[PDB]
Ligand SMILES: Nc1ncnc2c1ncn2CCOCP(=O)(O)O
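Take a look at this single chain in structure tokens; it is the form deposited without the named molecule.
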């Protein structure tokens, strides 16, 4: 819709802050000081990888006019077996993963991506984030089923105590099992829109976590 040519602003607006519990990686690490090794988990897409390139390619290739590609097995086979070569790792994830390896934590990736016959995503993550064998676990492809949070049972089964993610379902999955859900900002150039309201559950949101 049209809007004023010169909208202007004012210093109340310029200074205005949403009441969000922002945290840093250093603050998270400090909050865990002395805690022995435990399981933690990460969403993948827009949490540790900017994977829009593959999802964008998939949409254009398989369903230019809809979201049907996301239920298309042919898309998932491409997405999970090499299109992540184009996925850009997020610095926030490098920092979190390093921190959790430092702690001796077991690292899980729990994604709403659909399972495929083979997958190279686990290797991509281990390689890009320099995750040792002992801390690494194969990616859990939990899928996406409207009406159910497919991640919650996985967080319970793996006794995941902190779950990082960009989407509301990541935070509520953590809430479902009494884990600590921590929000990462989805980048504004992500093709997955609209952007979620980070902090909408009163959860911690990591500063500067869009890259």
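Only residues modelled in both forms are compared. Residue numbers count along the first chain shown, from 1. Here the rigid core means the biggest group of C-alpha atoms that line up within 1.5 Å when the two forms are laid on top of each other.
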- Note on the structure: Higher avg CA temperature factor (68-76 vs 119-127, as deposited) belongs to 68-76
- Higher-B stretch (mean Cα B-factor, as the entry records it), 177-185 or 57-65: 57-65
- Between 168, 144, 46, 29, let me know which has the highest C-alpha B-factor in the entry? 144
- Query: Should residue 89 be placed in the lowest, middle or highest third of its chain by the C-alpha B factor in the entry?
  - Reply: lowest
- Task: Give the position of residue 1 by CA B-factor within its chain, expressed as the lowest, middle or highest third.
- Result: highest
- In terms of the CA temperature factor given in the entry, to which third of its chain does residue 137 belong: lowest, middle or highest? middle
- Mind checking which third residue 159 falls in for C-alpha B-factor across the chain? highest
- Note on the structure: Quick tally, chain-level thirds of C-alpha B-factors: residue 150 sits in the middle
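Only in words, not in the display: the form solved in complex with the named molecule, which the text now covers.
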- Note on the structure: Per contact check vs the named molecule in the deposited bound form (non-hydrogen atom within 4.5 angstroms), the hit among 153-161, 27-35, 41-49, 177-185 is 41-49
- the named molecule in the deposited bound form: contacted by all of 55, 69 and 167, heavy atom 4.5 Å: yes
- Message: So, residue 80 and the named molecule: in the deposited bound form, are they within 4.5 Å at any heavy atom pair?
- Response: no
- Query: Is there any non-hydrogen atom of residue 22 lying within 4.5 Å of the named molecule in the deposited bound form?
  - Reply: no
- Scan 183-208 and note down the residues that get a heavy atom within 4.5 Å of the named molecule in the deposited bound form; none is a fine answer too. 191, 192
- Hey, quick one: aligning on the core, which runs of at least three residues have all their CA atoms off by 2 angstroms or more between this form and the one not shown? 143-150
